[PDB]
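Structure first, commentary second.
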Amino acid sequence: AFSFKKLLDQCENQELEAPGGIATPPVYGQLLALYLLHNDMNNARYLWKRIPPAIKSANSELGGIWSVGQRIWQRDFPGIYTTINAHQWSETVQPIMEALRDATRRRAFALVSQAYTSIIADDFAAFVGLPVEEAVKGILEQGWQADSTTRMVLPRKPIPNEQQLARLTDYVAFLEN
Amino acid sequence: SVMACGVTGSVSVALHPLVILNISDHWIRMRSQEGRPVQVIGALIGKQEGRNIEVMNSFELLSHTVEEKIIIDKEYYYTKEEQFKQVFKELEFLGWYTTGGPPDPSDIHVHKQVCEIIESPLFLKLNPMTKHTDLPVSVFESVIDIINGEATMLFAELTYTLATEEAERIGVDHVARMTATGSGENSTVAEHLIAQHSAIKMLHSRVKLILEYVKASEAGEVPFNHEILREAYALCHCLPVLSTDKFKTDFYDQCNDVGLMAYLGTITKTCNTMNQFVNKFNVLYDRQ
Amino acid sequence: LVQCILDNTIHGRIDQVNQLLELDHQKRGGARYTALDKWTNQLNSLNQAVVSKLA
Amino acid sequence: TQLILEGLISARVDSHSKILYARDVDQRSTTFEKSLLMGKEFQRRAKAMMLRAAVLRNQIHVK
Amino acid sequence: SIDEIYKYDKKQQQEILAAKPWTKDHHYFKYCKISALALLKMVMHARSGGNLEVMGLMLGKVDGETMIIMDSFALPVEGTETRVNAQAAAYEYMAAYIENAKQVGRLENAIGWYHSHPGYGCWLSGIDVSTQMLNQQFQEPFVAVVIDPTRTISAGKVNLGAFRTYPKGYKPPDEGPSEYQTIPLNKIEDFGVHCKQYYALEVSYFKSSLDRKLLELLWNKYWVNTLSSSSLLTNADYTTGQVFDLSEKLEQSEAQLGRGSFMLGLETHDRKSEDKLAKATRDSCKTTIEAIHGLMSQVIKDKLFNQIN
Amino acid sequence: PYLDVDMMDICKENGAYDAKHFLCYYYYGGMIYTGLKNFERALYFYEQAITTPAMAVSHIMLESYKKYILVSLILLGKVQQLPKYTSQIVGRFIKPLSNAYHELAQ
Amino acid sequence: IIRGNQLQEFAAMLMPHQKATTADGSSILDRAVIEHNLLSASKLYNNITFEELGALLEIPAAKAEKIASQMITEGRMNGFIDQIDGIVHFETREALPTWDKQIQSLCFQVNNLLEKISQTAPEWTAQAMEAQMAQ
Amino acid sequence: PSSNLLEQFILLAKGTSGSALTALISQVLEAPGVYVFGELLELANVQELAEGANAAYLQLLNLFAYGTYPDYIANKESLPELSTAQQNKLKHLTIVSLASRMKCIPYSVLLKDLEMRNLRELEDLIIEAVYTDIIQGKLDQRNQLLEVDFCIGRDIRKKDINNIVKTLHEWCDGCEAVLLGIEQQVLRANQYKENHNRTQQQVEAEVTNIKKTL
Amino acid sequence: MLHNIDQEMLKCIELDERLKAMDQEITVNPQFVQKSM
Ligand SMILES: [Zn+2]
């Protein structure tokens, strides 16, 4: 995460300092995939609109990443997972693509835990993009409740003294003057 | 040596904050008038009931230095006594006060004159140049001891208390609250923090005494003072006052409430500065 | 019970589903925060109006 | 629902079991929320008035 | 220099008394500085036996627009003023005290009079207005100080109101503090009738040596126990009353400001309305800093005792 | 970064600072904030742009007013009333002009 | 807390039965015993259930709740009764009064200890004076 | 009168011992009032018993001084059989240790650490302990918690002294840290006052310079 | 929430300091001084 943020900052700086005004295709791909990782859909869409069509035509991987981003925008998790695992990502894109996969998994897990008191097993499996039974065992080891008769899943929803004293002193000093 | 050894207090002395304030005012004004902290001399008045002496008020006496001796204007003292008779009669003369450190061979003569005036005078000395946290006020009585075959008057320290009323308590508490406030605002939290600093120091000194006693008991002393060290250990086990979710709930509840009140106070101060800025700006360039 | 609550004699309310009478204990004894909040908003809006008019 | 929209009923409609629950909100939670909103608005208006002094001290206007 | 104010310059006082700058301006004297000694003595006299109506003289000096009170003392009152005024054997006592002080050191002369108002507020009644007007005739300057012993318990603190009268016929140009005080039904009538015939001075206490002495003594003997809960301010009658009073003061300020926008060229309104805004803000700030100090002592002690180790 | 900071000192540009630049800056900043889904700051910038005292009509000003209407509809669900701190002929001529956005708001 | 064994001697003493002219109100002896038992419960028990309170008082839960309500009505026992859960909340001193008294008791016990060492061991006081003078 | 009886037993132990000393220990453990046994442990005759053949009574006394009820239950064979008073006193000591360690005692801990099968018996023992001025506190039956405001301490002769010294040192270090923190804040307040003062004479100097200019 | 309140504080304190700085700058203006003198 922290390394990904540093890489995103470096790529943004490189884009801002591009000599000919056009960054290398690896930099653009890293920028787009890292924007997808942080769920920053607006920035990813604007960057895709900024990219000239020449790069898109010469690099179908960029088009695949944009299709994955569009799937993320529509939030169709089964389609998102299918599209991510369908296109081969280069050595500079595969690890960050898997990080995006993990982030999507965690996001869907949290959304199901929060919004869904009860959810169908098939619906949960589609949301997590994983088969039903091992998802059931994974949520059972997660301390959740599952009903086998109705195939319903019941998720379980889950300043130091020095800083204070400095704030208290700033209370008096502001009011002292 | 003008101090008696092995002599215990025979009477109980009660002192009021008014006497301390009068002594302080006399010392401060005499310092301001004549440079160095010139020694002051005054008199003590109040009510005496048998062996219970209550010093409620104090006033000043005129003194002159002749032949390197302080001569109290006892005629002035009697004139002012009759003057006080016109305002308060229940108050009777009890003794005299002065400022300084340990008794000097000049206060003995003054106390001799005051004992020549009345039956049993009280001697009080205040130390305005003290450095410890204790009260620099001591009350001494007149005792006659046979030193080298000659009767020499000595001073015996009295274990005096400090008595006050509800009225004086409230008034002095108000004056303390005023001293919290500064000129515009000279020092407001400084006195507050020193006030808690003294309280923590008082408790810190008590902990040192207990810690030293345990260390001595480990080597010598009584191997076990019984109910004391047993209880001392119990108070080290009661030291971590266990807090539950509700207490931290309420503690954070109180902090947020007044913290919001503190935020409101800052906003009120800020808008007044903005209002002053707007008023000055409307005259700087703007018309109407 | 309904008649008593209508007469303001009872500081409580009725849960008919469970055959229940729940009384508001009102043990907080506050309502000072309500006065503080009204004082806060009225004068801050007063300050905003004054600043806008003076500028 | 219409009465709640207009007011003077102070209620919540639990349409699951069809039970009408009265609303009794704590004053402090509402007070803190709107006090924070006031402070944000006060800061925003502080910025705006602060901005206004810029165009007048530096004589900024449409010619 | 903390002790500089204690220096008495007789020639300088004579020069000021010969100059009489107060004759050039009826609002000349604006500040009243009171020694911790004089405050304590006047509050102690005022408290006396519960709620006694008593009075005395104040010794001090003048410095620019500031009146300085250094000391105070009382006068004999046989049979609780059985004669006219609270004086009886007053002249004799006063002169004796003056000469005695001149000898023992005190060279400060009469600067004013103080008296107490047990549980009715700090203000000047018709009698006190006439007294301070006569105190503006003889003894050119003079200031009327009013104390509240029963409000030192009720309000908890209470200020020692310092006042000066306007000469007969003279109108305050615009002076309007709009300060609210709770006055009993049998006293509010007279209060409202003579309230504009005088003005209030700003009372201030130079951080000297007598003041910090008392603060130490109390917090080293009686207030040495800094527990007592931590907030007697929790009882929401004093803060809430100050909060409600602050709300009313600014509400009236807006009502005057709204009506003052139609009148173009009313300078008096501007000064007074801004004066109200300033005074109201300070009252809130002083209340705010008091509560902040309350929690600061709370936090340091509470954090220590509970989870030190 | 540089838009999240309040910049309360306008430069005269030695008298060459035309308030057209002020209007352009506020309109473009509001558009940028709208692009980043920061509707509150976009609405604030649009409101500040509207309140600029101008004696003539400009297309940038009209577009700022229209975007203000759109952002007010998005965020608060209604058109926020223009302050009595006010402006000049700007509002007087815009209100007739931007009638379609007022119909959309209605 | 009062058991049923002190009843006999007091009843014998009263008026070879009960004081005044008998009692027959379940004995005034037992009325006072139950009242003082509920007082002692209010001293310790922050809250109590109906069955456990009845077992403590050796009476049916209905009798216990009725007597508790009667005592609360007369102002002799503070608290309130919830009939759903069967829990009578005798006393709840928020969080500040409980904390203040504990600190005050802690400080008082510190002062009691310090006095005990000074009195029972004057040599410690001499050692304390020597220790404070050395540092 | 517990202290006087304990002192009398101490004086007697300086002389008669052996079988008589075991009888005295049994009387101590059976007589109510003695909540502290550190006075007896330091007597030289206790050490004589330590080198003496008899050790069951000495182990019982050692467990009463340091151990708790579960230790006695585990040592039910090596210790002399207790009476009702001895068992009640040991349970009181265990509750005292629990309260001293942690103030709000859940009922589960009380049932587990004291072999309490019936909660009514637990209530009876708790009220008996409180009424004999051993522990002061309040009971929360709805939450099944035992809030203890104050409790007595235990014996300290051999190994707890180091913990006490460590606890005292931590308290001393904590007090010094707060004292240093208060001093730093006071210095900061003085600096703010100086900065506020420094801003002041600059204004008057700015004012006076213009007055001289005009 | 306490941290957020303290964060708004530091913005207000800095805002007040900037307001005071301008007010001092206003006092430097001769026009205010000419009316004052
Ligand atoms: Zn009067």
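By convention in this document, the chains of the structure tokens carry letters A, B, ... by their order, each chain's residues are numbered from 1, and ligands are numbered from 1 in the order they are shown.
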| said: Which of range 29-264 of chain B end up as strand (DSSP E or B) when DSSP is run on this backbone - answer as a PyMOL selection string? | reply: chain B and resi 41-49+52-60+63-66+69-72+92-99+122-126+137-147+150-158+161-162
| said: Taking only C-alpha atoms and all ligand atoms into account, which residues have an atom no farther than 6 Å from ligand 1? I'd like them as a ChimeraX atom specification. | reply: /E:117,124-125,128
Once you have the residues from the selection above, write them out as a JSON list (two decimals), in the first residue's frame, restricted to N, CA and C atoms.
```json
[["chain", "number", "residue", "atom", "x", "y", "z"],
["E", 117, "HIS", "N", -23.45, 46.23, 49.45],
["E", 117, "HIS", "CA", -24.87, 46.09, 49.03],
["E", 117, "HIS", "C", -25.28, 44.63, 49.23],
["E", 124, "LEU", "N", -25.23, 52.34, 42.29],
["E", 124, "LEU", "CA", -25.31, 53.53, 43.17],
["E", 124, "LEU", "C", -26.78, 53.92, 43.35],
["E", 125, "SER", "N", -27.26, 53.99, 44.60],
["E", 125, "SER", "CA", -28.66, 54.42, 44.87],
["E", 125, "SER", "C", -28.73, 55.94, 44.86],
["E", 128, "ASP", "N", -26.41, 57.25, 47.41],
["E", 128, "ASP", "CA", -24.98, 57.08, 47.03],
["E", 128, "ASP", "C", -24.62, 58.02, 45.88]]
```
Per-residue nearest contacts chain D to range 20-30 of chain I, cut-off 12 Å, using only C-alpha atoms, as a tab-separated table:
```
residue	atom	partner	partner_atom	distance
D:50	CA	I:22	CA	10.1
D:53	CA	I:22	CA	9.8
D:54	CA	I:22	CA	10.9
D:57	CA	I:26	CA	10.1
```
| message | Show me, as an MDAnalysis selection string, the residues that have an atom within 12 Å of range 75-82 of chain G when counting only C-alpha atoms, minus same-chain residues fewer than 6 positions from it. | response | (chainID C and resid 20:23 25 27) or (chainID G and resid 34:43 45:50 64:69 88:93) or (chainID H and resid 142)
Those same residues, written as a tab-separated table (two decimals), in the first residue's frame with C-alpha atoms?
```tsv
chain	number	residue	atom	x	y	z
C	20	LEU	CA	-46.49	-2.64	27.94
C	21	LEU	CA	-46.27	0.81	29.55
C	22	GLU	CA	-42.84	2.43	29.12
C	23	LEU	CA	-42.22	5.58	31.16
C	25	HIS	CA	-37.55	8.28	33.40
C	27	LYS	CA	-33.26	11.01	34.90
G	34	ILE	CA	-37.29	-6.73	55.74
G	35	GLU	CA	-37.06	-2.93	55.64
G	36	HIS	CA	-33.53	-2.91	57.08
G	37	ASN	CA	-32.56	-5.79	54.77
G	38	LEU	CA	-33.68	-3.76	51.76
G	39	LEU	CA	-31.74	-0.79	53.15
G	40	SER	CA	-28.60	-2.94	53.40
G	41	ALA	CA	-29.26	-4.21	49.87
G	42	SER	CA	-29.44	-0.59	48.70
G	43	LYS	CA	-26.10	-0.03	50.43
G	45	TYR	CA	-26.60	-4.05	45.56
G	46	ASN	CA	-26.63	-1.59	42.66
G	47	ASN	CA	-29.50	-3.62	41.18
G	48	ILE	CA	-31.19	-6.94	41.94
G	49	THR	CA	-33.57	-9.39	40.28
G	50	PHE	CA	-36.90	-10.44	41.76
G	64	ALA	CA	-40.21	-8.62	47.79
G	65	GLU	CA	-41.24	-6.43	44.84
G	66	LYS	CA	-44.29	-5.12	46.72
G	67	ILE	CA	-42.24	-4.20	49.79
G	68	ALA	CA	-39.55	-2.60	47.62
G	69	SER	CA	-42.18	-0.52	45.82
G	88	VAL	CA	-34.82	-3.29	40.65
G	89	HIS	CA	-32.06	-0.70	40.20
G	90	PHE	CA	-31.41	0.39	43.79
G	91	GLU	CA	-28.60	2.93	43.37
G	92	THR	CA	-26.48	4.21	40.48
G	93	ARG	CA	-24.07	7.03	41.37
H	142	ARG	CA	-27.75	-7.44	36.17
```
| said: Write out as a ChimeraX atom specification the set of residues from chain F that DSSP, computed on the backbone, places in alpha helix (DSSP H). | reply: /F:19-35,39-50,59-75,89-97,99-105
| request: Find the residues near residue 26 in chain C: any atom within 12 Å, counting only C-alpha atoms, skip ones fewer than 6 places away on the same chain, and give them as a list in words. | output: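 So the residues in contact are residues 11 and 12 of chain C; 24 and 26 of chain D.
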Let me see the file: selected residues, C-alpha atoms, as a tab-separated table (two decimals), in the first residue's frame.
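Just written: again.tsv:
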```tsv
chain	number	residue	atom	x	y	z
C	11	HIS	CA	-44.52	11.09	31.60
C	12	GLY	CA	-44.62	7.80	29.74
D	24	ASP	CA	-36.59	10.92	20.67
D	26	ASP	CA	-30.48	13.09	22.17
```
| query | Would you list which chain I residues are within 12 Å of chain F using only C-alpha atoms, as a ChimeraX atom specification? | reply | /I:11,15,18-19,22
Write a file of the just-selected residues containing C-alpha atoms, as a compact mmCIF listing (two decimals), in the first residue's frame.
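part.txt was written with the following content:
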```
# COMPACT_ATOMS: atom_id res chain seq x y z
CA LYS I 11 -7.29 26.66 11.57
CA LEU I 15 -7.06 32.59 11.12
CA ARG I 18 -3.78 36.47 10.36
CA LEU I 19 -6.69 38.73 11.34
CA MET I 22 -3.85 42.66 9.18
```
Would you tabulate, counting only C-alpha atoms, all residues of chain A that have an atom at most 12 Å from an atom of chain H, showing the closest pair of atoms and their distance in Å to one decimal, sorted by chain then ascending number, as JSON lines?
```
{"residue": "A:161", "atom": "CA", "partner": "H:181", "partner_atom": "CA", "distance": 10.1}
{"residue": "A:162", "atom": "CA", "partner": "H:181", "partner_atom": "CA", "distance": 8.6}
{"residue": "A:163", "atom": "CA", "partner": "H:181", "partner_atom": "CA", "distance": 11.8}
{"residue": "A:164", "atom": "CA", "partner": "H:185", "partner_atom": "CA", "distance": 11.7}
{"residue": "A:165", "atom": "CA", "partner": "H:185", "partner_atom": "CA", "distance": 7.9}
{"residue": "A:166", "atom": "CA", "partner": "H:185", "partner_atom": "CA", "distance": 8.0}
{"residue": "A:167", "atom": "CA", "partner": "H:185", "partner_atom": "CA", "distance": 10.8}
{"residue": "A:168", "atom": "CA", "partner": "H:185", "partner_atom": "CA", "distance": 9.4}
{"residue": "A:169", "atom": "CA", "partner": "H:185", "partner_atom": "CA", "distance": 6.8}
{"residue": "A:170", "atom": "CA", "partner": "H:189", "partner_atom": "CA", "distance": 9.1}
{"residue": "A:171", "atom": "CA", "partner": "H:189", "partner_atom": "CA", "distance": 10.7}
{"residue": "A:172", "atom": "CA", "partner": "H:189", "partner_atom": "CA", "distance": 8.1}
{"residue": "A:173", "atom": "CA", "partner": "H:192", "partner_atom": "CA", "distance": 6.3}
{"residue": "A:174", "atom": "CA", "partner": "H:192", "partner_atom": "CA", "distance": 9.1}
{"residue": "A:175", "atom": "CA", "partner": "H:192", "partner_atom": "CA", "distance": 10.9}
{"residue": "A:176", "atom": "CA", "partner": "H:193", "partner_atom": "CA", "distance": 7.8}
{"residue": "A:177", "atom": "CA", "partner": "H:196", "partner_atom": "CA", "distance": 6.2}
```
| said: Can you measure CA of residue 13 in chain H to CA of residue 45 in chain H for me? One decimal in Å is fine. | reply: 6.6 Å
Any chance you could tabulate, as JSON lines, the residues of range 184-279 of chain B at most 12 Å from range 221-232 of chain E with each one's nearest atom pair and distance in Å to one decimal, using only C-alpha atoms, in chain and rising number order?
```
{"residue": "B:192", "atom": "CA", "partner": "E:226", "partner_atom": "CA", "distance": 10.5}
{"residue": "B:193", "atom": "CA", "partner": "E:226", "partner_atom": "CA", "distance": 11.3}
{"residue": "B:194", "atom": "CA", "partner": "E:224", "partner_atom": "CA", "distance": 11.4}
{"residue": "B:195", "atom": "CA", "partner": "E:224", "partner_atom": "CA", "distance": 7.9}
{"residue": "B:196", "atom": "CA", "partner": "E:226", "partner_atom": "CA", "distance": 7.1}
{"residue": "B:197", "atom": "CA", "partner": "E:224", "partner_atom": "CA", "distance": 10.3}
{"residue": "B:198", "atom": "CA", "partner": "E:224", "partner_atom": "CA", "distance": 7.8}
{"residue": "B:199", "atom": "CA", "partner": "E:224", "partner_atom": "CA", "distance": 6.0}
{"residue": "B:200", "atom": "CA", "partner": "E:226", "partner_atom": "CA", "distance": 9.5}
{"residue": "B:201", "atom": "CA", "partner": "E:224", "partner_atom": "CA", "distance": 10.7}
{"residue": "B:202", "atom": "CA", "partner": "E:224", "partner_atom": "CA", "distance": 8.8}
{"residue": "B:203", "atom": "CA", "partner": "E:225", "partner_atom": "CA", "distance": 10.4}
{"residue": "B:251", "atom": "CA", "partner": "E:230", "partner_atom": "CA", "distance": 11.9}
{"residue": "B:254", "atom": "CA", "partner": "E:231", "partner_atom": "CA", "distance": 10.2}
{"residue": "B:255", "atom": "CA", "partner": "E:231", "partner_atom": "CA", "distance": 11.9}
{"residue": "B:258", "atom": "CA", "partner": "E:231", "partner_atom": "CA", "distance": 10.9}
```
What does the file look like for those residues with C-alpha atoms, as an mmCIF file, in the first residue's frame?
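Contents of the output file result_0.cif:
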```cif
data_model
loop_
_atom_site.group_PDB
_atom_site.id
_atom_site.type_symbol
_atom_site.label_atom_id
_atom_site.label_comp_id
_atom_site.auth_asym_id
_atom_site.auth_seq_id
_atom_site.Cartn_x
_atom_site.Cartn_y
_atom_site.Cartn_z
ATOM 1 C CA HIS B 192 -3.123 27.058 37.856
ATOM 2 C CA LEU B 193 -0.274 24.730 36.866
ATOM 3 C CA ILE B 194 1.925 25.739 39.813
ATOM 4 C CA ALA B 195 -1.141 25.139 41.990
ATOM 5 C CA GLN B 196 -1.344 21.538 40.773
ATOM 6 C CA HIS B 197 2.464 21.375 40.856
ATOM 7 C CA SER B 198 2.434 21.985 44.616
ATOM 8 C CA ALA B 199 -0.264 19.343 45.132
ATOM 9 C CA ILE B 200 1.667 16.755 43.116
ATOM 10 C CA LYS B 201 4.854 17.695 44.981
ATOM 11 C CA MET B 202 3.042 17.171 48.291
ATOM 12 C CA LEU B 203 1.987 13.673 47.230
ATOM 13 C CA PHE B 251 -14.623 10.940 30.790
ATOM 14 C CA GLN B 254 -16.954 15.604 29.616
ATOM 15 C CA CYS B 255 -13.864 16.348 27.515
ATOM 16 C CA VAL B 258 -16.213 21.611 27.263
#
```
| said: Give me, as a list in words, all polymer residues having an atom no more than 10 Å from residue 36 in chain A, counting only C-alpha atoms and skipping those fewer than 4 positions away in the same chain. | reply: residues 30, 31, 32, 40, 41, 42, 43, 44, 45, 65, 66, 68, 69, 70, 72, 73, 96, 97, 100, 103 and 104 of chain A
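With only C-alpha atoms taken into account, the protein and nucleic acid residues at most 10 Å from residue 33 in chain G (excluding it and anything under 6 positions from it in its own chain) are residues 1, 2, 3, 4, 6, 7, 27, 39 and 57 of chain G.
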Please dump the current selection as a PDB file, in the first residue's frame; keep C-alpha atoms.
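Output contents, as saved in selection25.pdb:
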```pdb
ATOM      1  CA  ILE G   1     -28.338  -8.530  56.627  1.00  0.00           C
ATOM      2  CA  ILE G   2     -30.790 -10.015  59.114  1.00  0.00           C
ATOM      3  CA  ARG G   3     -31.570 -13.726  59.383  1.00  0.00           C
ATOM      4  CA  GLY G   4     -34.487 -15.428  61.120  1.00  0.00           C
ATOM      5  CA  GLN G   6     -32.473 -13.023  65.963  1.00  0.00           C
ATOM      6  CA  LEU G   7     -36.285 -12.930  65.736  1.00  0.00           C
ATOM      7  CA  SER G  27     -44.917  -9.211  62.836  1.00  0.00           C
ATOM      8  CA  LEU G  39     -31.736  -0.791  53.149  1.00  0.00           C
ATOM      9  CA  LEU G  57     -35.124 -11.996  52.047  1.00  0.00           C
TER      10      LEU G  57
END
```
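For the pair CA of residue 31 in chain C and CA of residue 27 in chain D, the interatomic distance is 8.0 Å.
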| request: Show which residues sit within 8 Å of range 77-90 of chain F, as a PyMOL selection string. Count only C-alpha atoms, and ignore same-chain residues fewer than 6 positions away. | output: (chain C and resi 52-53) or (chain F and resi 47+50-57+61+69+105)
| Counting only C-alpha atoms, the option among G:110, G:87, G:117, G:96 closest to chain H |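 Among the listed residues, the smallest separation from chain H belongs to G:87.
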| said: Distance cut-off 8 Å, counting only C-alpha atoms - which residues of chain B neighbour chain G? Return them as a PyMOL selection string. | reply: chain B and resi 206+209+212-213+228+231-232+235+238+246-247+250
Mind writing the picked residues with N, CA and C atoms as a PDB file, in the first residue's frame?
```pdb
ATOM      1  N   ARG B 206       5.284  12.420  49.937  1.00  0.00           N
ATOM      2  CA  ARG B 206       4.751  11.319  50.735  1.00  0.00           C
ATOM      3  C   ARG B 206       5.205   9.973  50.184  1.00  0.00           C
ATOM      4  N   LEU B 209       8.770   9.201  51.280  1.00  0.00           N
ATOM      5  CA  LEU B 209       8.863   8.740  52.661  1.00  0.00           C
ATOM      6  C   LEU B 209       8.516   7.261  52.772  1.00  0.00           C
ATOM      7  N   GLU B 212      11.402   5.212  51.053  1.00  0.00           N
ATOM      8  CA  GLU B 212      12.593   5.144  51.893  1.00  0.00           C
ATOM      9  C   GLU B 212      12.389   4.193  53.066  1.00  0.00           C
ATOM     10  N   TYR B 213      11.188   4.195  53.648  1.00  0.00           N
ATOM     11  CA  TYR B 213      10.908   3.337  54.794  1.00  0.00           C
ATOM     12  C   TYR B 213      10.972   1.863  54.406  1.00  0.00           C
ATOM     13  N   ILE B 228       0.811  -1.409  58.670  1.00  0.00           N
ATOM     14  CA  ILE B 228       1.270  -0.286  57.856  1.00  0.00           C
ATOM     15  C   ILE B 228       1.768  -0.763  56.495  1.00  0.00           C
ATOM     16  N   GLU B 231      -0.976  -2.387  54.537  1.00  0.00           N
ATOM     17  CA  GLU B 231      -1.830  -1.387  53.905  1.00  0.00           C
ATOM     18  C   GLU B 231      -1.090  -0.606  52.826  1.00  0.00           C
ATOM     19  N   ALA B 232       0.194  -0.309  53.038  1.00  0.00           N
ATOM     20  CA  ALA B 232       0.982   0.407  52.039  1.00  0.00           C
ATOM     21  C   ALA B 232       1.038  -0.373  50.737  1.00  0.00           C
ATOM     22  N   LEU B 235      -2.333  -0.141  49.001  1.00  0.00           N
ATOM     23  CA  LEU B 235      -2.568   1.171  48.341  1.00  0.00           C
ATOM     24  C   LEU B 235      -1.765   1.219  47.041  1.00  0.00           C
ATOM     25  N   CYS B 238      -4.144  -0.608  44.922  1.00  0.00           N
ATOM     26  CA  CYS B 238      -5.335   0.237  44.638  1.00  0.00           C
ATOM     27  C   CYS B 238      -4.900   1.407  43.753  1.00  0.00           C
ATOM     28  N   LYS B 246     -17.796   2.445  30.859  1.00  0.00           N
ATOM     29  CA  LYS B 246     -18.679   3.569  31.159  1.00  0.00           C
ATOM     30  C   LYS B 246     -17.901   4.782  31.658  1.00  0.00           C
ATOM     31  N   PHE B 247     -16.868   4.568  32.478  1.00  0.00           N
ATOM     32  CA  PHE B 247     -16.093   5.698  32.983  1.00  0.00           C
ATOM     33  C   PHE B 247     -15.348   6.400  31.855  1.00  0.00           C
ATOM     34  N   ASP B 250     -17.846   8.341  30.028  1.00  0.00           N
ATOM     35  CA  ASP B 250     -18.194   9.608  30.663  1.00  0.00           C
ATOM     36  C   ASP B 250     -17.018  10.578  30.654  1.00  0.00           C
TER      37      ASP B 250
END
```
| request: Please determine the contact residues of chain D with respect to chain B at a cut-off of 9 Å, counting only C-alpha atoms, and supply them as a list in words. | output: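 Taken together, these residues fit the definition: residues 28, 32, 35, 36, 39, 42, 46, 49, 50, 53, 56 and 57 of chain D.
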Save the residues we just selected, N, CA, C and O atoms, as a tab-separated table (two decimals), in the first residue's frame?
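Result went into result.tsv, see below:
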```tsv
chain	number	residue	atom	x	y	z
D	28	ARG	N	-27.56	16.35	22.63
D	28	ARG	CA	-26.12	16.54	22.48
D	28	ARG	C	-25.61	16.14	21.10
D	28	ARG	O	-24.80	16.85	20.49
D	32	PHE	N	-23.85	18.85	18.78
D	32	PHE	CA	-22.48	18.76	18.31
D	32	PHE	C	-22.41	18.78	16.79
D	32	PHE	O	-21.50	19.39	16.21
D	35	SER	N	-23.19	22.35	15.61
D	35	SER	CA	-22.10	23.22	16.03
D	35	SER	C	-20.89	23.06	15.12
D	35	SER	O	-20.24	24.05	14.76
D	36	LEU	N	-20.57	21.82	14.74
D	36	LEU	CA	-19.49	21.59	13.79
D	36	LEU	C	-19.82	22.19	12.43
D	36	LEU	O	-18.94	22.75	11.76
D	39	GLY	N	-19.27	25.91	12.71
D	39	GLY	CA	-17.86	26.24	12.65
D	39	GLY	C	-17.30	26.16	11.25
D	39	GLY	O	-16.50	27.00	10.83
D	42	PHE	N	-18.68	29.12	9.58
D	42	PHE	CA	-17.98	30.30	10.07
D	42	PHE	C	-16.60	30.41	9.44
D	42	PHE	O	-16.19	31.51	9.04
D	46	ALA	N	-15.45	33.15	7.07
D	46	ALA	CA	-14.20	33.82	7.41
D	46	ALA	C	-13.29	33.90	6.20
D	46	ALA	O	-12.65	34.93	5.97
D	49	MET	N	-14.99	36.61	3.68
D	49	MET	CA	-14.71	37.98	4.11
D	49	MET	C	-13.23	38.30	4.03
D	49	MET	O	-12.85	39.42	3.64
D	50	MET	N	-12.38	37.35	4.40
D	50	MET	CA	-10.94	37.51	4.23
D	50	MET	C	-10.59	37.75	2.77
D	50	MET	O	-9.73	38.58	2.44
D	53	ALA	N	-11.49	41.43	1.60
D	53	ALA	CA	-10.51	42.46	1.94
D	53	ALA	C	-9.40	42.53	0.90
D	53	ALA	O	-8.76	43.58	0.74
D	56	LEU	N	-10.42	44.79	-2.12
D	56	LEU	CA	-10.61	46.19	-1.77
D	56	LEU	C	-9.31	46.87	-1.37
D	56	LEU	O	-9.07	48.01	-1.77
D	57	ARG	N	-8.46	46.19	-0.60
D	57	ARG	CA	-7.16	46.76	-0.26
D	57	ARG	C	-6.29	46.90	-1.51
D	57	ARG	O	-5.50	47.84	-1.62
```
| request: Residues of chain H no more than 10 Å from chain B, counting only C-alpha atoms: send them over as a PyMOL selection string. | output: chain H and resi 3+35-42+96-97+99-104+149-158+160-169+171-176+178-183+185-190+192-194+196-197
